[PDB]
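These notes are about the structure you will find just below.
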Amino acid sequence: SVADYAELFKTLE
Amino acid sequence: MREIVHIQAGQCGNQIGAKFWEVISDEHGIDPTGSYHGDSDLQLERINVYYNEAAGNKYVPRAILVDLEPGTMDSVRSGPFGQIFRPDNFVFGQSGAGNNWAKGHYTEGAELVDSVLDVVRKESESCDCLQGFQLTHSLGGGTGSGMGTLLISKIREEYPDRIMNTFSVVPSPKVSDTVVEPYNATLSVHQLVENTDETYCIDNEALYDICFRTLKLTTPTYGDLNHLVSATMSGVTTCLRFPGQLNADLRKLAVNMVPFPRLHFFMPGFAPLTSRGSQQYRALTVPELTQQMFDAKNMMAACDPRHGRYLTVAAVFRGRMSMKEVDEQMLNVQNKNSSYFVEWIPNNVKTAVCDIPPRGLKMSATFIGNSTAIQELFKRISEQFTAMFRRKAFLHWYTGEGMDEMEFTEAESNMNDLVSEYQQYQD
Amino acid sequence: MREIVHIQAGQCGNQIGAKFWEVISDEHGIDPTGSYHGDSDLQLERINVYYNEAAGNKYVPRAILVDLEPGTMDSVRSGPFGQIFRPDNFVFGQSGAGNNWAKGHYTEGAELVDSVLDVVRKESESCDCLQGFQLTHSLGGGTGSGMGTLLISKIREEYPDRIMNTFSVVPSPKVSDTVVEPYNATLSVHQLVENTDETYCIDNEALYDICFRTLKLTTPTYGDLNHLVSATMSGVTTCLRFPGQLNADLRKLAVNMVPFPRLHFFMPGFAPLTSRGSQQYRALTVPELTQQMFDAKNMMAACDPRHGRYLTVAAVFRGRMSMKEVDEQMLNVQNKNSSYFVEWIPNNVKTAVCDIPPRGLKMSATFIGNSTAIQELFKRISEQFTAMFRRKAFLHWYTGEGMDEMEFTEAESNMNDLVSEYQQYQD
Amino acid sequence: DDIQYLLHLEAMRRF
Amino acid sequence: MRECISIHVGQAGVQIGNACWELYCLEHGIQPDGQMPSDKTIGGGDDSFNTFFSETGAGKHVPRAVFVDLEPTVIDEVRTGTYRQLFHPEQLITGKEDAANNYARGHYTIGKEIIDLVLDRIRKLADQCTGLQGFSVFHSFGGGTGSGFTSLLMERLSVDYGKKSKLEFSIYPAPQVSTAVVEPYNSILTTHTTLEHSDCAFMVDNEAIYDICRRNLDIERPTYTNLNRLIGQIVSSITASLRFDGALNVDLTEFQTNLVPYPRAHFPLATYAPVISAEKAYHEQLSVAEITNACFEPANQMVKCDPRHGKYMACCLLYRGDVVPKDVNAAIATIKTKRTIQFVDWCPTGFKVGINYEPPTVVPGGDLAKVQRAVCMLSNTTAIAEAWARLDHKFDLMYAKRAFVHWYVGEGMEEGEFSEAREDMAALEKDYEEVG
Amino acid sequence: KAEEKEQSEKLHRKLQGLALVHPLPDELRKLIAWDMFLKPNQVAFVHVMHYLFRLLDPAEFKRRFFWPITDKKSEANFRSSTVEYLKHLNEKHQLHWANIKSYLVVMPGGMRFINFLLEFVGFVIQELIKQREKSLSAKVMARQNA
């Protein structure tokens with residue numbers, strides 16, 4: 001989901 | 001200076017607007033070529049309110065002619081004063097509105113509106129001190145109703161501090177072109193409540209009954225109705241066009257006539273009632289003029305003023321008369337009929353006199369009443385609206401243009417809220 | 001005295017040049033026989049700028065007519081003013097250029113060029129103080145493009161201290177004779193950058209869109225386009241031809257208009273826009289003229305001035321007007337639109353007024369803008385050039401005349417460098 | 001959904 | 001002056017030439033005796049028609065033409081016909097024996113006996129020119145004189161006149177009007193040998209002209225007289241820029257420069273509109289927009305192909321009569337938005353536009369109506385390769401079995417010349433594919 | 001009304017997703033909501049279009065549009081230019097958007113507008129996908145990265 005990717009992008013930072 | 005920009009939208013708006021310009025051009029001594037041939041400096045002293053000065057001492061109306069079809073505008077251009085108008089101010093479509101408010105407001109008129117606003121801006125940029133705008137239109141049709149209210153809303157976005165006045169022709173089943181007139185009228189009344197400061201309610205029912213019952217015309221034409229409207233419009237605008245004790249502008253009129261921001265719907269009246277080409281050989285007396293201007297038979301809204309109360313009244317007398325006799329007769333009407341005026345607005349009747357009579361009369365009186373009795377006009381439209389709306393009759397013409405049924409339910413409710421607000425101040 | 005030598009090269013150059021001479025001869029009261037029949041001494045005071053005096057008080061244009069084929073020049077000689085020109089100043093070939101820049105520059109035009117320079121020298125030797133040269137030509141063709149730039153380079157070799165001005169007709173796919181116009185134009189723009197002091201960019205796209213959209217001509221002819229060009233050329237040259245507050249010469253104009261030696265490409269404009277034979281009965285006001293001359297719809301280069309900045313501007317008003325009202329309106333445009341003028345050139349807008357209006361108008365305004373927005377015209381030619389050049393399409397017509405592909409690559413790069421230089425001063 | 005795919009590509013790139 | 005010599009070779013070239021010169025005389029007001037009664041200029045009036053005519057000291061205008069056939073029959077019709085007095089007898093060259101539908105007989109055998117006489121007559125006309133531009137050659141691909149003698153002539157003209165432009169008007173063979181089985185061989189052999197000598201060749205497919213005459217003129221069975229009258233209008237519209245004062249294609253070199261980006265791809269597709277029957281002459285006159293839109297309809301083309309399957313390298317629109325540039329530009333803009341017109345990426349998407357104000361003339365008692373305006377579109381398109389592929393396929397079918405080859409070898413032609421000519425045509429098809 | 005809500009939510013998701021790759025300007029961030037076009041919303045329209053056009057082609061946007069909007073005139077110009085640009089895109093990319101009419105720009109809101117905007121946003125997203133593909137589960141990536 002869009003929410004999953006939002007969390008992924010946080011993790012990547 | 002104190003300029004006004006005039007707009008005339010759709011068939012009825014352009015026909016009445018053209019007759020208004022013919023009447024006031026003649027009162028100002030302006031010919032169909034824009035040249036002045038008058039005999040009094042009073043004709044020029046405030047001419048800049050409605051006219052622009054052009055090269056060679058020509059006067060050109062500050063008028064914008066709007067339609068979604070060329071047919072009415074070509075008729076105006078071929079008319080007696082058709083050459084006085086600025087050619088650039090003829091803004092027209094080709095598709096027409098087909099008596100549909102949704103076409104005027106959301107589709108065909110929304111494609112043309114920016115081209116009209118460019119002409120509005122060009123006329124407004126040439127003013128030294130723009131007072132405001134006046135619109136002539138009908139609420140029964142597509143262009144005057146839908147595109148006229150779209151134009152009002154867009155003018156209020158660009159000029160939020162300027163006065164917006166309307167001469168609004170209300171439809172009636174007695175003088176009807178189409179069964180959908182109540183839908184167009186209810187949708188437009190909602191837009192007028194929010195976006196105008198002054199709305200003159202001109203009822204085709206009242207105009208027809210005046211022509212038929214009072215003027216004894218067996219088969220009134222739109223030309224006979226428009227004669228009454230043009231005389232009333234000349235009457236109302238007299239204090240803007242000529243010098244007088246009240247150096248009036250549109251804002252001073254609105255501040256005096258509108259106690260509540262939503263209750264700006266006026267009942268106009270005129271005395272004496274004349275028919276086109278009938279010479280009255282007998283001038284009326286001041287008492288006869290004052291009695292006629294307060295008679296329901298001289299009102300151009302088909303409401304009985306005795307079924308409500310006056311919030312405010314403006315009376316404009318024209319011609320050489322005893323100003324003392326005018327005050328004595330105006331006080332006599334108020335003191336005898338004081339129950340029909342609200343007591344919580346002290347001195348709510350204002351009177352003006354101008355020495356310049358309208359053509360063919362020695363003396364006249366124009367009446368402007370803000371009365372709670374105007375609710376009868378809105379109730380009558382509401383009943384006709386609900387009679388069709390309860391069956392969703394004819395709605396496919398509007399939903400095909402992208403309207404929701406909820407927009408109709410909102411407009412019906414806002415018009416019933418306006419009727420309730422008028423009833424509150426009546427009691 | 002302050003003389004100018006006029007040159008007109010190829011079909012388009014001779015047609016526009018002939019119309020320029022017709023327009024200015026009439027403004028100076030000179031008939032088709034070279035005889036003066038005017039009513040004002042102001043018509044003769046600076047006539048020597050463009051005319052030689054001949055035996056019997058005749059005025060003969062200091063004009064040189066150049067083509068590689070006789071057809072256009074025979075048409076000029078048979079034209080209304082065809083007999084005013086010095087017969088010796090008709091220099092022509094027989095082979096034609098065939099819309100090929102290489103034929104105009106390297107072959108057919110290189111055989112004729114010395115015969116043109118002998119006529120140039122004969123006219124220049126008769127001047128008391130030669131200011132410079134003016135060329136009329138098109139960049140899309142063979143003769144005007146290739147032979148016109150060869151002539152410019154040879155005139156700059158013989159007269160290195162004299163001003164070189166051009167009225168350069170830029171090709172467009174909307175008004176195109178041949179697909180190779182972008183090649184001819186790119187090769188000529190490179191020669192103009194190095195060898196001219198002033199180049200008026202006249203875009204056939206802008207002229208067509210003015211005739212079609214503004215003048216409402218459904219099928220514009222080259223005669224309708226050339227009417228606009230001749231009016232603009234009369235406008236631009238007004239300060240050279242008549243006395244005024246600015247005793248202008250070509251060098252004073254160049255020194256005021258050209259901040260950088262490569263950035264001498266001007267956007268000309270004219271107001272009011274008129275069509276051939278249409279009488280405007282209404283003279284415009286000074287505010288209406290000033291607003292129209294800065295409108296992109298009145299520009300003869302198809303660029304939006306809002307996409308760039310003005311380095312410098314010259315404005316020439318003509319006719320009897322309030323010079324105070326002109327300054328007030330020019331300052332009003334600058335102060336409202338100051339972001340579109342560069343701030344690092346103080347007072348970069350210059351205004352002149354001449355009392356003599358052009359024929360058929362009471363007042364006019366001519367605009368000359370050095371704007372970074374002219375880069376849009378060069379980008380549009382560059383895109384059309386590269387679209388063919390990437391496939392070596394049509395190059396065999398030029399390599400058959402002895403051109404290398406490297407000359408095309410150099411001209412493409414020099415035109416991209418000019419676009420980058422305009423972008424630098426925009427930012 | 002086109003948007004999820006875009007986000008997936010972006011995620012891959014960043015990863 | 002900028003003179004052009006027309007050369008009419010074999011039956012087809014001579015008969016098309018005769019129809020073209022009739023039409024030129026009508027357009028310039030020249031009578032069948034060569035007199036021009038409106039010419040008050042005993043000297044240099046509008047000198048543009050002197051491109052195609054020479055004034056003689058008796059006030060007679062004579063065509064700058066040579067007619068050549070290996071048999072007398074078709075030229076004897078010219079010597080006895082309405083215009084018998086127009087031509088000089090020295091311009092009408094006849095052999096005794098024909099090429100019998102054989103390229104080799106037309107090139108090597110009978111052509112070699114007459115070629116030096118033809119070159120002497122062409123030289124006598126060239127010596128009367130102050131500034132000879134070039135040659136316009138009219139011939140057929142399918143016929144033995146039209147193929148074999150034309151290739152020999154084009155070679156010898158390239159030797160004697162190697163800087164002078166050579167334009168061809170070549171009749172492409174059609175099965176329905178075809179007199180020989182060996183027309184594909186004659187066509188491939190002549191196209192190979194003329195390819196390096198031509199600067200620009202206008203192909204005319206007899207099948208396209210025949211179908212236009214059937215569909216647009218309501219002629220159930222067109223004759224060569226009907227075909228040649230239509231061809232004469234197209235040729236007249238192409239040459240109108242050389243015969244009258246005008247702005248576009250004022251010389252032969254401008255045709256090559258505007259239409260021919262690559263030397264081998266020198267075959268512009270012609271399209272002519274409007275074609276209307278004389279019985280319909282009183283109908284509504286077509287607008288500029290309608291006639292320009294008719295140029296992009298395959299039904300009006302001079303070669304049967306579909307330009308929608310290929311790309312445009314060049315496009316010229318030549319208008320005649322009552323046409324204003326404004327309406328042409330509006331028509332082109334409407335066409336660019338509505339039609340599949342793919343240009344090649346390296347060439348500008350530019351139309352060259354010529355307008356000649358002289359209206360189209362029609363032959364009195366002809367099948368064509370008088371029109372107020374006409375347009376000839378000349379477009380170099382890769383879709384013209386569909387006509388080569390159809391010819392090559394017919395060549396290959398017969399040549400795979402060596403059918404009829406012995407007739408060419410019997411005239412002393414090598415069998416290798418068939419393979420060489422076919423290989424050069426395969427290279428031409430590939431050149432068109434690589435550009436497309 | 002149910003369909004209108006669903007489409008509006010879909011639009012909101014797509015815009016949120018875009019914001020994760022390309023951050024929203026501050027002005028637009030405050031306006032973004034799932035129901036922002038259920039009623040005509042001129043202010044949101046201007047900022048959403050501004051955002052999408054910049055994502056698509058910043059250079060072309062700079063050429064065609066004046067920003068920020070400061071007056072009524074500039075606003076009217078923005079609408080007109082929006083219609084023009086959308087038509088241009090429709091033609092250039094053959095998107096077959098029906099009835100790109102003035103009404104989309106005059107009273108932006110309702111089902112018709114939401115559907116249009118969804119298509120437009122879809123288009124923008126597709127262009128971005130192409131760019132990213134050329135240049136080149138979320139849970140697994142996250143764990144691997146950690």
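Residue numbering restarts at 1 for every chain of the structure tokens, chains are lettered A, B, ... in their displayed order, and ligands are numbered from 1 as they appear.
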
Taking only C-alpha atoms into account and nothing else, which residues of chain A lie no more than 8 Å away from chain D? Please answer as a VMD selection string. chain A and resid 1 to 2 5 8 to 9 12

Emit the selected residues as a PDB file, in the first residue's frame, including N, CA, C and O atoms.
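Output file part07.pdb is given in full below:
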ATOM      1  N   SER A   1       0.824  -1.204   0.000  1.00  0.00           N
ATOM      2  CA  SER A   1       0.000   0.000   0.000  1.00  0.00           C
ATOM      3  C   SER A   1       0.862   1.259   0.000  1.00  0.00           C
ATOM      4  O   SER A   1       2.081   1.183   0.157  1.00  0.00           O
ATOM      5  N   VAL A   2       0.220   2.374  -0.243  1.00  0.00           N
ATOM      6  CA  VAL A   2       0.908   3.661  -0.188  1.00  0.00           C
ATOM      7  C   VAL A   2       1.496   3.874   1.205  1.00  0.00           C
ATOM      8  O   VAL A   2       2.609   4.386   1.343  1.00  0.00           O
ATOM      9  N   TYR A   5       4.830   1.970   1.655  1.00  0.00           N
ATOM     10  CA  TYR A   5       5.953   2.645   1.016  1.00  0.00           C
ATOM     11  C   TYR A   5       6.376   3.872   1.815  1.00  0.00           C
ATOM     12  O   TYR A   5       7.562   4.205   1.872  1.00  0.00           O
ATOM     13  N   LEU A   8       8.512   2.499   4.359  1.00  0.00           N
ATOM     14  CA  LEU A   8       9.780   2.103   3.758  1.00  0.00           C
ATOM     15  C   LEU A   8      10.684   3.312   3.548  1.00  0.00           C
ATOM     16  O   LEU A   8      11.876   3.264   3.862  1.00  0.00           O
ATOM     17  N   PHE A   9      10.117   4.428   3.036  1.00  0.00           N
ATOM     18  CA  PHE A   9      10.927   5.609   2.757  1.00  0.00           C
ATOM     19  C   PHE A   9      11.501   6.187   4.045  1.00  0.00           C
ATOM     20  O   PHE A   9      12.619   6.705   4.055  1.00  0.00           O
ATOM     21  N   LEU A  12      14.451   3.970   4.905  1.00  0.00           N
ATOM     22  CA  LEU A  12      15.574   4.227   4.009  1.00  0.00           C
ATOM     23  C   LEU A  12      16.322   5.490   4.424  1.00  0.00           C
ATOM     24  O   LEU A  12      17.515   5.629   4.149  1.00  0.00           O
TER      25      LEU A  12
END

Kindly assemble as JSON lines a list of the chain F residues that lie within 12 Å of chain C, each paired with its nearest atom pair and their distance in Å to one decimal, using only C-alpha atoms, sorted first by chain and then by ascending residue number.
{"residue": "F:59", "atom": "CA", "partner": "C:307", "partner_atom": "CA", "distance": 11.5}
{"residue": "F:60", "atom": "CA", "partner": "C:307", "partner_atom": "CA", "distance": 11.2}
{"residue": "F:61", "atom": "CA", "partner": "C:307", "partner_atom": "CA", "distance": 11.4}
{"residue": "F:62", "atom": "CA", "partner": "C:307", "partner_atom": "CA", "distance": 8.5}
{"residue": "F:63", "atom": "CA", "partner": "C:307", "partner_atom": "CA", "distance": 6.3}
{"residue": "F:64", "atom": "CA", "partner": "C:307", "partner_atom": "CA", "distance": 8.4}
{"residue": "F:65", "atom": "CA", "partner": "C:307", "partner_atom": "CA", "distance": 9.6}
{"residue": "F:66", "atom": "CA", "partner": "C:306", "partner_atom": "CA", "distance": 9.3}

Tell me the residues of chain C close to chain E, meaning within 10 Å using only C-alpha atoms, as a ChimeraX atom specification. /C:11,69-72,74-75,94-100,172-183,208,211-212,217-224,383-398

So that each row is one residue of chain F with an atom at most 9 Å from chain A, can you give its shortest atom pair and the distance in Å to one decimal, using only C-alpha atoms, rows by chain and rising number, as a Markdown table?
| residue | atom | partner | partner_atom | distance |
| --- | --- | --- | --- | --- |
| F:13 | CA | A:2 | CA | 7.5 |
| F:14 | CA | A:2 | CA | 8.6 |
| F:16 | CA | A:2 | CA | 7.8 |
| F:17 | CA | A:2 | CA | 6.0 |
| F:20 | CA | A:6 | CA | 6.7 |
| F:138 | CA | A:5 | CA | 6.0 |
| F:139 | CA | A:8 | CA | 7.2 |
| F:141 | CA | A:8 | CA | 7.5 |
| F:142 | CA | A:8 | CA | 5.4 |
| F:143 | CA | A:11 | CA | 8.8 |
| F:145 | CA | A:12 | CA | 7.0 |
| F:146 | CA | A:11 | CA | 7.3 |

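Between atom CA of residue C:89 and atom CA of residue C:38 the separation is 26.2 Å.
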
Near chain D, meaning an atom within 12 Å, which residues of chain F appear when counting only C-alpha atoms? Write them as a ChimeraX atom specification. /F:10-22,118-119,121-146

Take atom CA of residue C:115 and atom CA of residue C:83 and report the distance between them in Å, one decimal. 21.5 Å

Give me, please, the distance in Å between atom CA of residue E:377 and atom CA of residue E:198, quoted to one decimal. 20.5 Å

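Residues within 8 Å of residue C:265, counting only C-alpha atoms and excluding same-chain residues fewer than 2 positions away, are residues 198, 199, 200, 201, 263, 267, 370 and 374 of chain C.
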
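The neighbours of stretch 46-50 of chain B here are the residues that come within 6 Å of it, using only C-alpha atoms and leaving out any residue fewer than 2 positions away in the same chain; they are residues 2, 3, 4, 44, 52, 61, 62, 241 and 242 of chain B.
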
Would you export the selected residues with C-alpha atoms as a compact mmCIF listing (two decimals), in the first residue's frame, please?
# COMPACT_ATOMS: atom_id res chain seq x y z
CA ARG B 2 -19.45 58.80 -10.49
CA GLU B 3 -19.62 56.13 -13.25
CA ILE B 4 -21.98 53.12 -13.69
CA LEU B 44 -25.00 67.22 -19.47
CA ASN B 52 -18.37 57.94 -22.03
CA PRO B 61 -23.30 54.39 -23.55
CA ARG B 62 -21.16 52.54 -20.97
CA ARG B 241 -28.67 61.12 -13.83
CA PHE B 242 -29.77 64.63 -12.78

Extract, using only C-alpha atoms, all DNA, RNA and protein residues at most 12 Å from residue F:25, discarding same-chain residues fewer than 5 positions from it, and format them as a list in words. residues 19, 30, 31, 32, 47, 48, 50, 51, 52 and 54 of chain F
